[PDB]
Every structure is written in structure tokens, then in C-alpha cells.
Amino acid sequence: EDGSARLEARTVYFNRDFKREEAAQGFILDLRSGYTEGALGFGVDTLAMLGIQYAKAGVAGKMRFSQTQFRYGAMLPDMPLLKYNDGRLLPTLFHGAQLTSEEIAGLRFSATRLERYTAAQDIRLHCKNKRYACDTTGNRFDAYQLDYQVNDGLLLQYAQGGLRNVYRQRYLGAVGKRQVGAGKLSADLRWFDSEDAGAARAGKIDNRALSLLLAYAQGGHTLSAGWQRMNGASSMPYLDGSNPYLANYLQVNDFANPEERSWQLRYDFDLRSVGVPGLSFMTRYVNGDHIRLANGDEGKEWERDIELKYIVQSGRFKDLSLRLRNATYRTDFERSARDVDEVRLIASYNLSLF
Ligand SMILES: CCCCCCCCOCCOCCOCCOCCO
Ligand SMILES: [Ca+2]
Ligand SMILES: [Ca+2]
């Protein structure tokens with residue numbers, strides 16, 4: 001790029017019913033310099049965050065030549081093996097190195113090694129509901145990825161890596177949109193293959209994760225149907241501070257328990273068409289079963305989400321975002337412990353500093 005600077009103010013109220021509620025104000029500072037002039041360019045990236053008391057700050061250096069770029073330092077990774085999580089006050093912060101290269105157009109290559117992270121400690125296996133032991137650590141996290149954009153309508157994805165001494169994971173993706181005929185048809189195919197690696201600090205891990213999402217969008221209306229399936233002894237592993245990149249990753253639950261199968265229905269409505277621009281509505285529903293409980297029994301769970309988003313169109317407060325997120329989640333196993341109603345209210349404003 002030729003830079004960007006982005007001061008973000010984030011107001012979030014969060015209510016959970018099992019009761020427990022929280023309110024929070026956050027500030028995210030994101031500065032990406034341009035590159036110095038000359039064949040090999042240099043620049044700097046800086047993250048600063050402030051919450052309520054959380055205070056955190058990052059720097060990364062970057063170089064660039066041709067269509068290739070390297071970065072070292074503080075980082076928000078966004079990729080199939082690690083989707084950084086956007087669902088608390090201040091994002092997670094990883095530390096390490098990233099090389100990307102796209103010298104042949106439509107063919108992108110990426111490599112990434114992560115030493116540390118800040119929710120400033122060592123990288124962790126996500127564990128937040130049991131199975132995988134908590135505080136399972138890896139020395140580093142590596143990923144390598146190849147993106148082939150076959151056409152305007154189709155993108156192929158391979159990726160590979162893992163948390164050293166916990167797990168290795170492979171990934172295939174295929175995304176694409178197609179006009180047909182007044183609206184636009186979309187398919188999103190994701191596959192993950194994971195197993196324990198090295199010392200197996202978590203220890204035995206065995207999982208294949210498949211998800212498929214299909215959408216049809218015409219006017220401001222969008223109907224989406226998803227299908228997700230887990231195979232093997234294990235749940236799908238991923239990093240603490242990330243979300244698993246699956247079709248049925250919802251507000252509260254990931255549907256990625258062992259041997260779990262689930263389906264989703266979702267509807268998105270943009271009311272720019274009814275003449276209330278900046279007003280968007282969403283509702284989705286996932287049903288899951290076939291969970292192999294440590295019990296020996298089968299588990300069933302479902303979740304329904306409702307969302308409202310409003311972007312003010314004009315005024316001093318123009319482009320401020322109001323977002324309402326509601327989750328209802330129920331199981332037939334460990335009901336007290338994991339049933340929830342959740343309400344997230346989010347007010348967010350991005351000031352461009354340039
Ligand atoms: C208990 C009803 C809560 C909200 C009612 C809204 C009904 C129309 O909106 C559709 C999405 O809401 C689904 C309701 O969630 C809990 C009941 O589950 C129904 C599954 O469709
Ligand atoms: Ca600059
Ligand atoms: Ca899980």
C-alpha cells in the first residue's frame with residue numbers, strides 16, 4: 001500500500017444469561033506506513049491498544065521488492081489456519097514474521113512463523129470447553145499457504161502448518177461467486193486435516209473438518225445453507241485467540257466437537273432496498289448432533305443468532321456503527337454449564353487519520 005492510519009473507538013456492552021454482564025471502552029490504533037522509495041522499500045507498522053485496564057503496543061518492520069513483502073514484529077494474522085478473533089474488546093496480538101509473494105499474478109504465496117501472542121505469552125491450543133487441555137503450549141506456530149485464483153469466479157487454496165509439539169494441520173479451500181441470473185450464487189468449500197505433532201503436548205489429536213456454505217443473493221436478500229462435519233477422535237484444533245474457519249462458526253459455539261454433524265440456515269437482509277440505507281438484518285440457525293461425548297452417549301446442541309447493524313448516514317456522528325448481536329444456545333449435555341443467552345451491543349467508530 002501507500003499507507004493507512006486508523007484510530008478506532010469501540011464501545012461494547014455484553015450480557016450473558018445462564019446474570020453476568022460487562023461494559024467496555026476500547027481504542028485501537030493501527031498505523032501502516034508507506035514504503036521508502038527505491039527498489040527495496042522500507043516502512044513501519046504499529047499497533048497500540050487501550051481498554052477498560054488493558055494497555056498494549058506493537059511495532060513491525062516491513063520490506064518490499066517487486067510483488068514480495070516481508071514483515072517482522074507485531075501482527076494480526078487473518079488466514080485459514082489462524083483467523084484472528086474480533087469478538088472481544090481489543091484483538092489478539094501475535095508476534096513473528098510474515099513473507100508474502102505474488103510475482104505471478106493470481107498466484108499468492110505466504111509464509112508465517114509466530115513465536116508469541118498477547119490476549120505477552122506463548123501460543124496456546126484453544127481449549128475453552130474441555131477435551132484439549134488448557135495451557136497447552138507450542139514453541140512457535142508455522143503456516144505456509146498457496147492461493148490460486150483460477151478465474152474471476154474461482155479461488156483455490158492450499159495451506160499447511162501447525163503449533164510445534166501440539167499439532168499439524170492441512171487445509172484445502174475453494175471459494176467463488178457466479179451470476180445466475182438476476183442474483184449472485186456463492187459456494188465456499190473448506191477442509192482441514194489435523195493430527196498431533198512432535199511431543200504431542202495435548203496429546204493425541206485426530207480430525208478431519210469439512211464445511212460447505214452455499215449462498216444465493218439477489219437485491220438485498222441472501223439465503224444461505226451450510227453443512228459441516230467432523231471426523232476422527234478429536235475436535236478440530238485451533239489457536240487460542242482465533243476462530244476456527246468453518247461455515248458453522250457462530251456467535252457462541254463452533255459445532256466442531258468430535259464427530260459432530262451440523263446444518264445451517266441463514267438469512268441476510270440489507271434494507272438499502274426498502275430505503276433505509278445503513279440498516280442490515282441477519283438471522284441464522286444451526287442444528288448439530290452426532291457428538292461423541294466422553295460419556296459414550298450422543299450429544300445434541302443448537303444455536304440461533306439474530307443481528308442488527310446500523311450505520312449512521314450523515315451528521316457529526318456519520319459512519320458510527322451500532323451493532324446488536326443475540327445468541328441463544330442449548331445442548332442436551334452439561335446443560336447448566338453451557339446453555340447461554342447472550343446479548344452484545346457494539347458501538348464502533350473508525351477515524352481515518354490520513
Ligand atoms: C423464542 C423466540 C425468540 C425470537 C423469535 C423470533 C422469530 C423470528 O425470527 C427468527 C429467528 O428467531 C428464532 C428464535 O430463536 C429461538 C427459537 O428457535 C427457533 C428456530 O427458528
Ligand atoms: Ca508514509
Ligand atoms: Ca470445540
# chains A, B, ... in the order shown; residues from 1 in each chain; ligands from 1
$ select_by_dssp --residues "segment 282-338 of chain A" --states "strand (DSSP E)" --output "MDAnalysis selection string"
chainID A and resid 282:292 298:311 321:331
$ residues_around --residues "residue 208 of chain A" --least-positions-apart "5" --cutoff "6 Å" --atoms "only C-alpha atoms" --output "PDB file with N, CA and C atoms, in the first residue's frame"
ATOM      1  N   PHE A 192     -10.153 -29.416   6.537  1.00  0.00           N
ATOM      2  CA  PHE A 192      -8.968 -29.399   7.401  1.00  0.00           C
ATOM      3  C   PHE A 192      -8.582 -30.784   7.846  1.00  0.00           C
ATOM      4  N   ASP A 193      -7.286 -31.038   7.844  1.00  0.00           N
ATOM      5  CA  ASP A 193      -6.807 -32.320   8.277  1.00  0.00           C
ATOM      6  C   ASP A 193      -5.780 -32.023   9.334  1.00  0.00           C
ATOM      7  N   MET A 230     -17.462 -33.217  11.202  1.00  0.00           N
ATOM      8  CA  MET A 230     -16.247 -33.542  11.925  1.00  0.00           C
ATOM      9  C   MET A 230     -16.047 -35.064  11.879  1.00  0.00           C
ATOM     10  N   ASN A 231     -14.810 -35.483  11.607  1.00  0.00           N
ATOM     11  CA  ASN A 231     -14.461 -36.902  11.606  1.00  0.00           C
ATOM     12  C   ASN A 231     -13.178 -37.157  12.363  1.00  0.00           C
TER      13      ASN A 231
END
$ residues_near_ligand --ligand "ligand 3" --cutoff "10 Å" --atoms "only C-alpha atoms and all ligand atoms" --output "list in words"
residues 126, 127, 128, 129, 130, 131, 132, 234, 235, 236, 237, 238, 244, 253, 254, 255, 256, 257, 258 and 260 of chain A
$ residues_near_ligand --ligand "ligand 2" --cutoff "6 Å" --atoms "only C-alpha atoms and all ligand atoms" --output "list in words"
residues 3, 33 and 34 of chain A
$ residues_near_ligand --ligand "ligand 1" --cutoff "9 Å" --atoms "only C-alpha atoms and all ligand atoms" --output "PyMOL selection string"
chain A and resi 282-286+302-306+327-329
$ closest_residue --among "A:125, A:312, A:60, A:83" --to "residue 95 of chain A" --atoms "only C-alpha atoms"
A:60
$ residues_around --residues "segment 105-121 of chain A" --least-positions-apart "4" --cutoff "8 Å" --atoms "only C-alpha atoms" --output "list in words"
residues 91, 92, 93, 94, 95, 96, 97, 98, 99, 100, 101, 139, 140, 141, 142, 143, 144, 145, 146, 147, 148, 149, 150 and 241 of chain A
$ closest_residue --among "A:203, A:61, A:176, A:51" --to "residue 75 of chain A" --atoms "only C-alpha atoms"
A:61
$ atom_distance --atom1 "atom CA of residue 155 of chain A" --atom2 "atom CA of residue 173 of chain A"
7.9 Å
$ residues_around --residues "segment 164-167 of chain A" --least-positions-apart "5" --cutoff "7 Å" --atoms "only C-alpha atoms" --output "PyMOL selection string"
chain A and resi 138-141+194-203
$ atom_distance --atom1 "atom CA of residue 264 of chain A" --atom2 "atom CA of residue 348 of chain A"
28.4 Å
$ closest_residue --among "A:316, A:309, A:335, A:62" --to "residue 347 of chain A" --atoms "only C-alpha atoms"
A:309
$ residues_around --residues "residue 17 of chain A" --least-positions-apart "6" --cutoff "9 Å" --atoms "only C-alpha atoms" --output "number ranges by chain"
A: 339-343
$ write_last_selection --atoms "C-alpha atoms" --output "mmCIF file, in the first residue's frame"
data_model
loop_
_atom_site.group_PDB
_atom_site.id
_atom_site.type_symbol
_atom_site.label_atom_id
_atom_site.label_comp_id
_atom_site.auth_asym_id
_atom_site.auth_seq_id
_atom_site.Cartn_x
_atom_site.Cartn_y
_atom_site.Cartn_z
ATOM 1 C CA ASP A 339 -26.526 -23.187 27.830
ATOM 2 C CA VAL A 340 -26.483 -19.389 27.228
ATOM 3 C CA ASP A 341 -28.416 -16.407 26.130
ATOM 4 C CA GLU A 342 -26.049 -13.683 25.043
ATOM 5 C CA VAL A 343 -26.505 -10.048 24.015
#
$ closest_residue --among "A:267, A:158, A:354, A:84" --to "residue 242 of chain A" --atoms "only C-alpha atoms"
A:84
$ residues_around --residues "residue 12 of chain A" --least-positions-apart "5" --cutoff "8 Å" --atoms "only C-alpha atoms" --output "list in words"
residues 23, 24, 25, 89, 344, 345, 346 and 347 of chain A
$ write_last_selection --atoms "N, CA and C atoms" --output "mmCIF file, in the first residue's frame"
data_model
loop_
_atom_site.group_PDB
_atom_site.id
_atom_site.type_symbol
_atom_site.label_atom_id
_atom_site.label_comp_id
_atom_site.auth_asym_id
_atom_site.auth_seq_id
_atom_site.Cartn_x
_atom_site.Cartn_y
_atom_site.Cartn_z
ATOM 1 N N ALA A 23 -19.388 -4.012 30.640
ATOM 2 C CA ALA A 23 -19.311 -2.869 29.711
ATOM 3 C C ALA A 23 -17.852 -2.454 29.472
ATOM 4 N N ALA A 24 -17.517 -2.064 28.245
ATOM 5 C CA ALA A 24 -16.114 -1.809 27.908
ATOM 6 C C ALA A 24 -15.893 -0.720 26.856
ATOM 7 N N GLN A 25 -14.858 0.093 27.045
ATOM 8 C CA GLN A 25 -14.464 1.080 26.029
ATOM 9 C C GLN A 25 -13.045 0.819 25.551
ATOM 10 N N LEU A 89 -12.807 -6.966 23.233
ATOM 11 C CA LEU A 89 -12.587 -5.514 23.173
ATOM 12 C C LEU A 89 -11.397 -5.116 22.289
ATOM 13 N N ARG A 344 -24.745 -8.935 22.764
ATOM 14 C CA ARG A 344 -23.646 -7.982 22.581
ATOM 15 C C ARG A 344 -24.169 -6.729 21.902
ATOM 16 N N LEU A 345 -23.970 -5.588 22.553
ATOM 17 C CA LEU A 345 -24.254 -4.291 21.953
ATOM 18 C C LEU A 345 -22.933 -3.640 21.598
ATOM 19 N N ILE A 346 -22.738 -3.297 20.335
ATOM 20 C CA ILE A 346 -21.458 -2.691 19.985
ATOM 21 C C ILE A 346 -21.562 -1.369 19.228
ATOM 22 N N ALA A 347 -20.956 -0.340 19.805
ATOM 23 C CA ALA A 347 -20.817 0.940 19.116
ATOM 24 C C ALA A 347 -19.348 1.176 18.752
#
$ atom_distance --atom1 "atom CA of residue 189 of chain A" --atom2 "atom CA of residue 232 of chain A"
19.3 Å
$ residues_around --residues "residue 186 of chain A" --least-positions-apart "5" --cutoff "9 Å" --atoms "only C-alpha atoms" --output "list in words"
residues 175, 176, 177, 178, 179, 213, 214, 215, 216, 217 and 224 of chain A
$ write_last_selection --atoms "N, CA and C atoms" --output "PDB file, in the first residue's frame"
ATOM      1  N   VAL A 175     -13.417 -21.130  -3.022  1.00  0.00           N
ATOM      2  CA  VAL A 175     -14.463 -20.111  -2.947  1.00  0.00           C
ATOM      3  C   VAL A 175     -14.773 -19.598  -4.329  1.00  0.00           C
ATOM      4  N   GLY A 176     -15.931 -18.968  -4.460  1.00  0.00           N
ATOM      5  CA  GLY A 176     -16.315 -18.381  -5.727  1.00  0.00           C
ATOM      6  C   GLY A 176     -17.746 -17.883  -5.801  1.00  0.00           C
ATOM      7  N   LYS A 177     -17.951 -16.888  -6.653  1.00  0.00           N
ATOM      8  CA  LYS A 177     -19.265 -16.325  -6.878  1.00  0.00           C
ATOM      9  C   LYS A 177     -19.582 -16.412  -8.371  1.00  0.00           C
ATOM     10  N   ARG A 178     -20.858 -16.512  -8.698  1.00  0.00           N
ATOM     11  CA  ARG A 178     -21.266 -16.628 -10.090  1.00  0.00           C
ATOM     12  C   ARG A 178     -22.618 -15.950 -10.259  1.00  0.00           C
ATOM     13  N   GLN A 179     -22.735 -15.123 -11.294  1.00  0.00           N
ATOM     14  CA  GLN A 179     -24.022 -14.537 -11.634  1.00  0.00           C
ATOM     15  C   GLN A 179     -24.914 -15.634 -12.187  1.00  0.00           C
ATOM     16  N   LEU A 213     -20.534 -23.988   2.548  1.00  0.00           N
ATOM     17  CA  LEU A 213     -21.569 -22.987   2.619  1.00  0.00           C
ATOM     18  C   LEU A 213     -21.946 -22.557   1.197  1.00  0.00           C
ATOM     19  N   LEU A 214     -23.248 -22.492   0.954  1.00  0.00           N
ATOM     20  CA  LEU A 214     -23.813 -22.036  -0.314  1.00  0.00           C
ATOM     21  C   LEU A 214     -24.721 -20.822  -0.093  1.00  0.00           C
ATOM     22  N   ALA A 215     -24.568 -19.780  -0.907  1.00  0.00           N
ATOM     23  CA  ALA A 215     -25.468 -18.639  -0.782  1.00  0.00           C
ATOM     24  C   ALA A 215     -26.004 -18.175  -2.122  1.00  0.00           C
ATOM     25  N   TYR A 216     -27.217 -17.640  -2.067  1.00  0.00           N
ATOM     26  CA  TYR A 216     -27.836 -17.017  -3.211  1.00  0.00           C
ATOM     27  C   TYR A 216     -28.303 -15.610  -2.821  1.00  0.00           C
ATOM     28  N   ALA A 217     -27.848 -14.622  -3.584  1.00  0.00           N
ATOM     29  CA  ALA A 217     -28.063 -13.231  -3.217  1.00  0.00           C
ATOM     30  C   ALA A 217     -28.615 -12.409  -4.384  1.00  0.00           C
ATOM     31  N   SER A 224     -28.709 -18.470   2.824  1.00  0.00           N
ATOM     32  CA  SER A 224     -27.517 -19.294   2.916  1.00  0.00           C
ATOM     33  C   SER A 224     -27.789 -20.600   3.652  1.00  0.00           C
TER      34      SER A 224
END
$ decode --residues "segment 247-279 of chain A" --atoms "N, CA, C and O atoms" --output "mmCIF file, in the first residue's frame"
data_model
loop_
_atom_site.group_PDB
_atom_site.id
_atom_site.type_symbol
_atom_site.label_atom_id
_atom_site.label_comp_id
_atom_site.auth_asym_id
_atom_site.auth_seq_id
_atom_site.Cartn_x
_atom_site.Cartn_y
_atom_site.Cartn_z
ATOM 1 N N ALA A 247 -17.856 -23.007 8.293
ATOM 2 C CA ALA A 247 -19.182 -22.490 7.941
ATOM 3 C C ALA A 247 -20.126 -22.325 9.120
ATOM 4 O O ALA A 247 -20.944 -21.394 9.135
ATOM 5 N N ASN A 248 -20.035 -23.241 10.085
ATOM 6 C CA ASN A 248 -20.903 -23.168 11.256
ATOM 7 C C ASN A 248 -20.241 -22.562 12.497
ATOM 8 O O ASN A 248 -20.637 -22.844 13.631
ATOM 9 N N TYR A 249 -19.231 -21.730 12.288
ATOM 10 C CA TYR A 249 -18.742 -20.930 13.407
ATOM 11 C C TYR A 249 -19.721 -19.808 13.696
ATOM 12 O O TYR A 249 -19.876 -18.890 12.904
ATOM 13 N N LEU A 250 -20.367 -19.893 14.847
ATOM 14 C CA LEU A 250 -21.438 -18.974 15.222
ATOM 15 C C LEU A 250 -20.988 -18.080 16.375
ATOM 16 O O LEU A 250 -19.819 -18.090 16.740
ATOM 17 N N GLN A 251 -21.911 -17.310 16.946
ATOM 18 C CA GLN A 251 -21.547 -16.314 17.959
ATOM 19 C C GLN A 251 -20.980 -16.981 19.203
ATOM 20 O O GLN A 251 -19.995 -16.505 19.782
ATOM 21 N N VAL A 252 -21.559 -18.123 19.564
ATOM 22 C CA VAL A 252 -21.246 -18.762 20.833
ATOM 23 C C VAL A 252 -20.593 -20.148 20.729
ATOM 24 O O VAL A 252 -19.858 -20.574 21.613
ATOM 25 N N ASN A 253 -20.847 -20.833 19.627
ATOM 26 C CA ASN A 253 -20.491 -22.242 19.510
ATOM 27 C C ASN A 253 -19.956 -22.509 18.121
ATOM 28 O O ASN A 253 -20.372 -21.865 17.159
ATOM 29 N N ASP A 254 -19.018 -23.448 18.025
ATOM 30 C CA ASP A 254 -18.323 -23.684 16.764
ATOM 31 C C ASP A 254 -18.782 -24.949 16.020
ATOM 32 O O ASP A 254 -18.426 -25.143 14.859
ATOM 33 N N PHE A 255 -19.560 -25.794 16.698
ATOM 34 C CA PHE A 255 -20.049 -27.055 16.134
ATOM 35 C C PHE A 255 -18.933 -27.954 15.619
ATOM 36 O O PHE A 255 -19.059 -28.625 14.607
ATOM 37 N N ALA A 256 -17.840 -27.969 16.358
ATOM 38 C CA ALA A 256 -16.632 -28.617 15.911
ATOM 39 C C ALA A 256 -16.202 -29.639 16.948
ATOM 40 O O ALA A 256 -15.037 -29.977 17.027
ATOM 41 N N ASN A 257 -17.158 -30.100 17.754
ATOM 42 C CA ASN A 257 -16.974 -31.196 18.705
ATOM 43 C C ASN A 257 -16.779 -32.542 18.007
ATOM 44 O O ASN A 257 -17.063 -32.653 16.822
ATOM 45 N N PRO A 258 -16.294 -33.573 18.726
ATOM 46 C CA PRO A 258 -15.859 -34.732 17.938
ATOM 47 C C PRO A 258 -16.995 -35.427 17.192
ATOM 48 O O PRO A 258 -18.057 -35.680 17.769
ATOM 49 N N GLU A 259 -16.768 -35.697 15.909
ATOM 50 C CA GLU A 259 -17.702 -36.474 15.104
ATOM 51 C C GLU A 259 -19.031 -35.784 14.899
ATOM 52 O O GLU A 259 -20.023 -36.413 14.516
ATOM 53 N N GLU A 260 -19.037 -34.479 15.136
ATOM 54 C CA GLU A 260 -20.256 -33.692 15.076
ATOM 55 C C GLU A 260 -20.688 -33.413 13.626
ATOM 56 O O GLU A 260 -19.864 -33.176 12.746
ATOM 57 N N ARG A 261 -21.989 -33.479 13.377
ATOM 58 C CA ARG A 261 -22.533 -33.034 12.103
ATOM 59 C C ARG A 261 -23.568 -31.978 12.375
ATOM 60 O O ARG A 261 -24.341 -32.079 13.340
ATOM 61 N N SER A 262 -23.593 -30.973 11.510
ATOM 62 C CA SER A 262 -24.489 -29.853 11.696
ATOM 63 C C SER A 262 -24.926 -29.261 10.363
ATOM 64 O O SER A 262 -24.247 -29.414 9.338
ATOM 65 N N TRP A 263 -26.075 -28.593 10.386
ATOM 66 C CA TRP A 263 -26.515 -27.810 9.241
ATOM 67 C C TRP A 263 -26.949 -26.412 9.670
ATOM 68 O O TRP A 263 -27.328 -26.192 10.820
ATOM 69 N N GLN A 264 -26.858 -25.474 8.731
ATOM 70 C CA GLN A 264 -27.138 -24.075 8.987
ATOM 71 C C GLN A 264 -28.097 -23.523 7.955
ATOM 72 O O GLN A 264 -28.066 -23.903 6.787
ATOM 73 N N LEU A 265 -28.958 -22.632 8.423
ATOM 74 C CA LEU A 265 -29.770 -21.807 7.578
ATOM 75 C C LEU A 265 -29.516 -20.384 8.047
ATOM 76 O O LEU A 265 -29.479 -20.110 9.244
ATOM 77 N N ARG A 266 -29.331 -19.474 7.104
ATOM 78 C CA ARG A 266 -29.059 -18.076 7.437
ATOM 79 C C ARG A 266 -29.756 -17.147 6.435
ATOM 80 O O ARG A 266 -29.921 -17.460 5.247
ATOM 81 N N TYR A 267 -30.179 -15.995 6.911
ATOM 82 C CA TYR A 267 -30.790 -15.051 6.005
ATOM 83 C C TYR A 267 -30.209 -13.685 6.297
ATOM 84 O O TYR A 267 -30.088 -13.293 7.457
ATOM 85 N N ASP A 268 -29.806 -12.977 5.250
ATOM 86 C CA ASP A 268 -29.256 -11.636 5.431
ATOM 87 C C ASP A 268 -30.099 -10.670 4.643
ATOM 88 O O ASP A 268 -30.436 -10.933 3.484
ATOM 89 N N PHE A 269 -30.447 -9.556 5.271
ATOM 90 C CA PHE A 269 -31.246 -8.534 4.609
ATOM 91 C C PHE A 269 -30.612 -7.157 4.760
ATOM 92 O O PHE A 269 -30.448 -6.644 5.882
ATOM 93 N N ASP A 270 -30.249 -6.572 3.622
ATOM 94 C CA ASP A 270 -29.762 -5.193 3.555
ATOM 95 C C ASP A 270 -30.921 -4.260 3.176
ATOM 96 O O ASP A 270 -31.421 -4.318 2.055
ATOM 97 N N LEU A 271 -31.353 -3.406 4.102
ATOM 98 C CA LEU A 271 -32.524 -2.553 3.848
ATOM 99 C C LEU A 271 -32.191 -1.269 3.100
ATOM 100 O O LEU A 271 -32.870 -0.265 3.259
ATOM 101 N N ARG A 272 -31.147 -1.300 2.287
ATOM 102 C CA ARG A 272 -30.864 -0.202 1.382
ATOM 103 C C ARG A 272 -31.973 -0.213 0.338
ATOM 104 O O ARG A 272 -32.315 0.820 -0.240
ATOM 105 N N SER A 273 -32.550 -1.395 0.134
ATOM 106 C CA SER A 273 -33.564 -1.626 -0.894
ATOM 107 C C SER A 273 -34.957 -1.130 -0.488
ATOM 108 O O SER A 273 -35.763 -0.763 -1.343
ATOM 109 N N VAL A 274 -35.242 -1.140 0.813
ATOM 110 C CA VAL A 274 -36.510 -0.633 1.342
ATOM 111 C C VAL A 274 -36.387 0.880 1.563
ATOM 112 O O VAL A 274 -37.371 1.586 1.807
ATOM 113 N N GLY A 275 -35.164 1.381 1.438
ATOM 114 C CA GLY A 275 -34.922 2.802 1.563
ATOM 115 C C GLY A 275 -34.512 3.231 2.957
ATOM 116 O O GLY A 275 -34.750 4.376 3.353
ATOM 117 N N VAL A 276 -33.914 2.311 3.714
ATOM 118 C CA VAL A 276 -33.264 2.670 4.974
ATOM 119 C C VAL A 276 -31.808 2.222 4.931
ATOM 120 O O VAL A 276 -31.432 1.222 5.551
ATOM 121 N N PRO A 277 -30.979 2.970 4.186
ATOM 122 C CA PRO A 277 -29.574 2.609 3.952
ATOM 123 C C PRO A 277 -28.753 2.613 5.241
ATOM 124 O O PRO A 277 -28.957 3.459 6.116
ATOM 125 N N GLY A 278 -27.831 1.665 5.353
ATOM 126 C CA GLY A 278 -27.050 1.511 6.567
ATOM 127 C C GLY A 278 -27.751 0.670 7.623
ATOM 128 O O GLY A 278 -27.336 0.633 8.786
ATOM 129 N N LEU A 279 -28.823 -0.006 7.217
ATOM 130 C CA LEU A 279 -29.543 -0.872 8.128
ATOM 131 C C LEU A 279 -29.534 -2.300 7.593
ATOM 132 O O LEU A 279 -29.994 -2.575 6.482
#
